[PDB]
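Residues per chain, in single letters:
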Amino acid sequence: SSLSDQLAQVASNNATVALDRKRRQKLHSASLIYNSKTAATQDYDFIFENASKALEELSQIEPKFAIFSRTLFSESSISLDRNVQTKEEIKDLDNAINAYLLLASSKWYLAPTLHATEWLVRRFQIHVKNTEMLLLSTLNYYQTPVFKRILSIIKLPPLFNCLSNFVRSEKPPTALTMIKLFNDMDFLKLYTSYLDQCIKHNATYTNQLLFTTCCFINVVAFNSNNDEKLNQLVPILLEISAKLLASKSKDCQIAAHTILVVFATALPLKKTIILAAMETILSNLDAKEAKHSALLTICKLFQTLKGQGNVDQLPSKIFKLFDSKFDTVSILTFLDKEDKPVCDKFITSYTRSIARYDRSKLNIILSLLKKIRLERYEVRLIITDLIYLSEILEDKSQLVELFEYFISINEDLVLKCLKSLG
Amino acid sequence: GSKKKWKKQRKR
Amino acid sequence: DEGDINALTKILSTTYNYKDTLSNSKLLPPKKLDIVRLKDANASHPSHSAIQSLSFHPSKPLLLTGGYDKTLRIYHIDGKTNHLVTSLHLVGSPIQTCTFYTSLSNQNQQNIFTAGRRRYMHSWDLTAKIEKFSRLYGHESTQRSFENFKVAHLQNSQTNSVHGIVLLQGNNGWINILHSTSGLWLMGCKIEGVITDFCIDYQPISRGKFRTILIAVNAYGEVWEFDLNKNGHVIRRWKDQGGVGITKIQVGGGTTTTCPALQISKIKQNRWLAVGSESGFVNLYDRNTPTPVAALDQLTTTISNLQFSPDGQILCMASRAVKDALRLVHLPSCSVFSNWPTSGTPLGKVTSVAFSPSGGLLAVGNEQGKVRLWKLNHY
Amino acid sequence: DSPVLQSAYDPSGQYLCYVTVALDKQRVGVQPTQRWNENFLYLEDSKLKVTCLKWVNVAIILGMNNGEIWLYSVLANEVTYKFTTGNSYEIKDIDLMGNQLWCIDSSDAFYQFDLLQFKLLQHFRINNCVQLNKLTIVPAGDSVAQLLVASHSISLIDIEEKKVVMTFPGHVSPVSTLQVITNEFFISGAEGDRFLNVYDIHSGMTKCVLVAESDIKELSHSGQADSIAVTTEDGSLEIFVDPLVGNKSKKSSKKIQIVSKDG
Amino acid sequence: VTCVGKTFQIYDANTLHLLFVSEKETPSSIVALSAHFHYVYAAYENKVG
Amino acid sequence: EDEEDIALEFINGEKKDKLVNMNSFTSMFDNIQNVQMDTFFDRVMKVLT
Amino acid sequence: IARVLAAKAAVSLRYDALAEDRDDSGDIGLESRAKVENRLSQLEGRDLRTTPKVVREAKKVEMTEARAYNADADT
Amino acid sequence: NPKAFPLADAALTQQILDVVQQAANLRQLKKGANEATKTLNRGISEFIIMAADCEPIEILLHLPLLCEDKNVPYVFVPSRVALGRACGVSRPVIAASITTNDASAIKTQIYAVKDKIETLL
Amino acid sequence: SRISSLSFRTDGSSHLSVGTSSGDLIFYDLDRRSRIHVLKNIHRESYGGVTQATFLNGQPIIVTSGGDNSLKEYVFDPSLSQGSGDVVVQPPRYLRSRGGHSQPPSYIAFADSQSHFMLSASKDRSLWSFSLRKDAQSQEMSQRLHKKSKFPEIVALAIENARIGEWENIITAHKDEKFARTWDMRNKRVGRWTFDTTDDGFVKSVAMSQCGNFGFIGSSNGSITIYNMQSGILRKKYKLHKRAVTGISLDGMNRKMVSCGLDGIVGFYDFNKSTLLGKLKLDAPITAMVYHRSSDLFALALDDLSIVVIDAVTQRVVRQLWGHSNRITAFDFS
RNA sequence: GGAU
């Protein structure tokens, strides 16, 4: 390695040492409330006094802010310098900073958060060391003036190079430049870990999910053409969707209902992945709003399935899960509404599941076929299995009524199914 | 334009 | 270190391949076409004129070419050699259209119909056994030339017999229907305006019974529908939306000239209808006033050719005005394929296209007399 | 190039079986040499190709790329039985003597089959045989005691020992013909090769190197080394008279050509 | 250390420049190669060199 | 009845679905502030439908 | 925006000034307003300045000694 | 479409749709209402063709007021997709105008079609 | 899948590398229980895929080898994220590799007088340059065409170094193929000129003049076509042989040209005046030819298993060699 | 796809 390259690492390591007056000016001038000149004049005590008041206001809105008063916003923290701490203490310090950024995640719209963060910026220089965590957390406050102030006082990491245009710029970062950041493969999985932390902590909030959902959904659109790249998105994003489904929050589950549909239409998948997709969707499905989004989800996925077994019956375990979480009356109501999405393949797969697994439910099958018009082949496949039912299962008034229903509509096809099968 | 005299080219 | 919500994390862990294999996939992918070129048909014996028309044999592995050289050059297409089984020169008979024909009942019967800018038409049964159709039986005024024609199957319901019919374009909206073998003038169909194109679709009625309907379109875009099983009476009327300067009309998804049947039961109805025109749009209609499903706007010149795949999944449209004006559309997505054709793809001035009944071959003729062949790997 | 991918006369020489391509599907047909049959087996799958074709004494054995062997009765125009090897590599070569039927795959594995019993008797792979595009069975008595296997060079394998016996230096190009003209004298040829080398099985020395004008595609032997007929790639037929009687290299004596009246 | 038919070659991993080659070709093809500091053990037929 | 007729009826039965292009979801960012996220899933479905 | 708004302004006006049975709702103006707003979102979204690419410098990697267990102790 | 008056019939539509295409070819056609508006201000238009099916129809009903003031013949056509198509655009056209040029090569056909239009008026 | 190799990295971060016979290399971060990256088709599946893959002891480089005669290097670069580096692993990057023909070479030639490089063609349809020195340096010569799959594998080629660096200096012939492609050693890229036989025959012989300017193509129909290397424009054709020509040489003096073919005659020409100096008939057809420019002697491989040496100056057989028991595959002058 |  060149001496200049080795020397650069030394500068990065000692970025915050404040060897002389000139370096100390650059560190202390960095501010989120005040301009550079006034910032240089301000004192740690003066900054701490405002921050302590700000934290108390934050404590009132959420009690959890009060904990940092014991650790980060303490009077003794004024005399605490990080340069003089050892390795274990610095790792110890950094994580406490990280949790504060997480709890502040839904509150930068509130002014006191901006004041409270100033103490961390001024005392702990989070903008220099915890540059990723600060900037990941404020990704969805981009159009807010606060994010612009962050860019000016922060050295962008390698993964945020696309934002180097908007540093110290009059125009805020546009929505289009973001997709490029998340389009980068290395960022998505970097972003995956931070989202993975929030779900563990249940610190996710709506504005995080809704901003989170669009961009990944947008990354799919920009790259629909590149099939090879979309293949490499599957390990990362479908893993993310699985986690959000694991969350108890209804918002996370539906955010995963947003993510998984768009990949399904953008890229057709193996059927096995989709049946797994059904199971995780239905495993932790409790909320009514998540219930509605999921039921639209399962139908749309079954529209994407396009291979032999496209309309084959659901397995035993999945069929039992679906009826338990979606009693048949609900899907009837799903079929009654005129604006129902195309779900003929799913109903065909569902209909064949009913015949194999439940005998009591045959008469409802008559109702499902009337409500939704199935495709010719879907109709035949049902006729094919229903012929087997007559041979094996006992003749029933409902069973013959299903036949008589097929007698009324498209009579000659019933002969074709009978001709091919007995 | 195409300007073969103009060539018969539909304007997309 | 040493349902079930974590199913997704497991299946992702197992496989690094998440793309469903297209081998099981039965209809072709929307935007990616797996197409590979094969050597041209005419390398064995080049043609000295353009390839005005092209036709694949319904069952045998034969390809028929004709043109202003006045020769019916028929080639045995195998994809690796493509030798010439035979040719047939017809002096004073320029070839504008030629086609294979097999009697729907008598599979043994094979015939070739070829025509041009002449008041007579040549039939060649299968020294050459040839026949000239040159009598219109009092309807000579309506017809000036046999150049544009097609062959369809007509079922005589009152006797249940089935025979071929030769359809022709008249001077003023007239369509003359002739007996394929006897040449007798059977029925005639007339429309308002100048007849530009017409096409045939088959609607099965019951076991062994089917009806043939004549689809005729004017340059203004108004389309007539005649029932040839009922003395050619009109059965429907509708207009092509946004249609002006129409040039060609075609049906797809069932039996047709490009995808003929071998027995009555194989008769199927076409679910697609495309209307070509001078300015280059191709309005696609779902046969299952109407409204077009899509209005394709890629080719910027007059549509000289429209053809659907034997299964009706691909619609091919070509223009002879400029070079490389050839596009393939995926159906029913109505999205043009992007990977093919490319800038380096050799097409020239496309003048003829033919789809093999099976095997997924694409054959395209050009003004230079070159019939270049391609294989669709999906089929 | 020729339309006929593969062709074979029957041992009696009155019937010829040939395979061609219709569209993307290969079709196998049989014609009477002494004197039209419109009936062909049509392989329903494009990927399925025929690699080898033998007459059996009225059926024909056809090895497929799929990894299996089809026994086809020409009269019935249907495949009577399919001997499926467990493994899926294409069959490179295959030979028959009564019930015994020995095949080789692209995985370099010998297998043995019985026509009467319809069973795979044994399967084995031999070292020192990286490739094997030709298998032939030596005509010794009424049982198979040695196998002659060639890809680039030639080798002799013993069935009971499961080991090589002798090695003959073959052509640079892969071997194309490996017929056994007589005892202790077998001919060998290669594609893109104009000579045919006669090897002595017992000794291993090249007796003669028969010279053709152009590349050889097919070889036919008459009697017991009485005459050898080789079809040249240029379309001419060369006949060698008493090739087993300067002496090292011998040329064709009679040449036959076909030209139309036009030219 | 990589086997090449009846002989082996030693390449320096840092630059993959060849360093040593076998003085003589083994009578039989090498089946296994084991390398230990300055000594490389080559196995062929029933003999290990 | 034959299996290829069965296949061609499968081909007939499939219907079109609107493909997702690059500029289908860009407008989602424009209306991203203070929107119920169930209505967001509904809007995504609408543009997909 | 001046050109597109002027075009839409004429569109609304010819309805306002010349509609025989206009409903006093401004609906055509409302849908026309949305179309212009969609224009500004896509037009404003466009970035004249080229985006910088994520720098990925290859780097020369130099080989370093690592202590290893010795098998003589096992024997 | 009651306000749309007079409306060309199917046959009358054919030759006017025929002339615009030739005028479209020969650089003798304007496409768009505002250009159809502006050409009337110059008084360089033989006649103006409008679409009856445009929604809202009030967008193009201003041109008849200009045409009547300037004694310019005008006609209405049922379908707008056909007009823009015949005009030779990839978008629907609700209004079009032909250049006043006594030296044009399709002058007689343009003279022929208007003769129907004032009769229509 | 089918595991063919395994290896742990010992540099202090938590990965396992698994190789498979299909030619893929998967890395699993097995503390995190996740897959890091997969390298697809590094080694040909037909030749056994990844026969061996091992990490160097304590470093981020992994060596890979297979049955396709190639050895590759991949290095795991440092994380691009200042934090959570374990999450942020750079995908492995190709570092450097050695390789060669996947099948036995078909023809070989000496690149330069200094004897530092070798031109090698094989049945794998690739032309390679191999260094003879301890560098072990090698490349495949690029096939990307100039604008005015692999080409069929080479049957014959000629090379001259008089005009290296000015234009194309190498010519090759292909089977079942009717024109000769040019190759440029300095650019290590395909030439911009193609030479056709002009007689509907395949190329059987290729030769050059010592000045590096003329190129001679022998057709299967017996015609000789002479092109010029710089513009690739045909200048001369000679038509004496009726069968395929198997050898062309021009003396270092560029005045007497010699040709031979399967018709068994040997043609003696005057290149300057383009006249037939003489014709000599041999007992057996000729198979191959090599010309010694310093001595003006050339040897011919006959089908009678003999090497006949001829002097062009007086046009007579000077030496005939016997002893070969089969075809002579190749031969050369000292 | 091509030049770059």
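Rules used throughout
- Residues numbered from 1 in each chain as written, not as in the entry; some residues may be left out.
- Chains lettered and ligands numbered in written order.
- Part of a larger assembly, values for the part shown.
- Heavy atoms only, no water.
- Residues with missing side-chain atoms left out of burial classes, pairs and counts.
- Helix = DSSP H or I, 4+ residues; strand = E, 2+ residues; numbered from the N terminus.
- Contact = heavy atoms within 4.5 Å.
- Pairing = 2+ DSSP bridges.
- Axes fitted to C-alpha atoms, helices over the stretch in contact; angles between N-to-C directions.
- Nonpolar A, V, L, I, M, F, W, Y, C, P; charged D, E, K, R; others polar.
- Parallel < 35°, antiparallel > 145°, perpendicular 65-115°, else oblique.
- Left-handed = near helix turned anticlockwise from the far one by under 90°.

Method of structure determination, per the deposited record: cryo-EM was used for this entry, reaching 5.94 Å resolution.

Q: Give a description of the overall build of chain F that names residues and reports values.
A: Each helix and strand in chain F was counted, giving three helices and zero strands. From first element to last, N terminus to C terminus, chain F shows the α and β order α-α-α. With the C-alpha coordinates of chain F rotated into their principal frame, the extents come out at 60 × 20 × 10 Å.

Q: Any chance you could break down the overall build of chain E for me, citing the residues and the numbers?
A: Of regular secondary structure, chain E possesses zero helices and six strands. Going from the N terminus to the C terminus, chain E shows its helices and strands as β-β-β-β-β-β. Taken along its principal axes, the extent of the C-alpha atoms in chain E is 35 × 20 × 15 Å. For chain E, contacts bridging at least 24 residues in sequence account for 5% of all contacts bridging at least 6.

Q: Help me get a handle on the sheet that holds strand 16 (residues 163-168) of chain D, residues and values and all.
A: All names here are of chain D. A sheet is described by the order of its strands in space; here four strands give the open sequence 13-14-15-16, paired in antiparallel fashion. Two strands in the sheet have a free side with no partner beyond their single neighbour: strand 13 (134-137) and strand 16. Ignoring strand direction, the axes of neighbouring strands in this sheet form an average angle of 25 degrees. Of the pairings in the sheet, the one linking strand 13 to strand 14 (residues 146-150) comprises four bridges and is antiparallel in character. Note on strand 14: the bridge partner recorded for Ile137 is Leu147.

Q: Pulling in residues and values, what's your account of the arrangement of the chains?
A: For the 13 pairs of chains in contact, the maximum contact count is reached by chains A and C. These two, chain C and chain E, are apart from each other, with no contact and a minimum C-alpha gap of 31 Å. Across all C-alpha pairs, the smallest distance from chain H to chain I is 36 Å, and the two are not in contact.

Q: So what's going on with the interface of chain A and chain C? Which residues, and what values?
A: The interface is formed by eight residues belonging to chain A together with six residues belonging to chain C. Secondary structure elements with two or more residues in the side of chain A that touches chain C: helix 13 (227-246) and helix 15 (271-283) of chain A. Looking at the side of chain A that touches chain C element by element, the count peaks at three residues for helix 15 of chain A. Per-class residue counts for the side of chain A that touches chain C are five nonpolar, two polar and one charged.

Q: I'd like to hear about unusual backbone geometry, residue by residue, with values.
A: The omega torsion of the bond from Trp340 of chain C to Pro341 of chain C falls at 0 degrees, within 30 degrees of zero and hence cis. Here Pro341 of chain C lies in the loop between strand 25 (335-336) and strand 26 (350-355). For the bond from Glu55 of chain H to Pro56 of chain H, the omega torsion is -10 degrees, close enough to zero to count as cis. Of note, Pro56 of chain H is situated in the loop between strand 2 (45-51) and helix 3 (62-70). Non-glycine residue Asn160 of chain C carries a positive phi angle of around 70 degrees.

Q: Before we move on, could you go through the packing of helix 13 of chain A against helix 14 (residues 250-266) of chain A and cite the residues and values that matter?
A: Two quantities define a packed helix pair, namely the angle between the helix axes and the distance between the axes. Residues and elements named next belong to chain A. The N-to-C vectors of helix 13 and helix 14 enclose an angle of 150 degrees; their axes lie 7 Å apart at closest approach. With respect to helix 14, the element helix 13 is oriented roughly antiparallel. Two packed elements cross with a definite hand, and for helix 13 against helix 14 that hand is left-handed. Contacts from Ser241, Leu244 and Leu245 of helix 13 reach helix 14 at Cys252, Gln253 and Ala256.

Q: Which residues make up the environment of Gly67 of chain C, and what values go with them?
A: Structurally, the position occupied by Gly67 of chain C is in the loop between strand 3 (62-66) and strand 4 (72-76). When the C-alpha atoms of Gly67 of chain C and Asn42 of chain C are compared, they prove to be 13 Å apart, with 25 residues separating the residues in sequence.

Q: Lay out the packing of helix 4 (residues 44-61) of chain A against helix 7 (residues 111-124) of chain A in plain terms, naming residues and giving numbers.
A: All names here are of chain A. Two elements in contact, helix 4 and helix 7, have axes whose closest approach is 8 Å; the angle formed by their N-to-C orientations is 135 degrees. By the criterion of interaxial angle, the relationship of helix 4 to helix 7 is oblique. Considering only the axes of helix 4 and helix 7, their crossing is left-handed. On the side of helix 4, the interface is formed by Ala51, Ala54 and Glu57, while helix 7 contributes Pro112, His115, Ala116 and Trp119. Residues belonging to the contact of helix 4 with helix 7 are distributed by class as follows: five nonpolar, one polar and one charged.

Q: Quick one: what's the story with the environment of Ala150 of chain D, residue by residue and with numbers?
A: Residue and element names in this part refer to chain D. Counting through the fold element by element, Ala150 comes out in strand 14. Placed 27 residues apart in sequence, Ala150 and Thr177 show a C-alpha to C-alpha distance of 9.3 Å. Ignoring sequence-local partners within four residues, the contact set of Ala150 consists of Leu132, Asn133, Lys134 and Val175.

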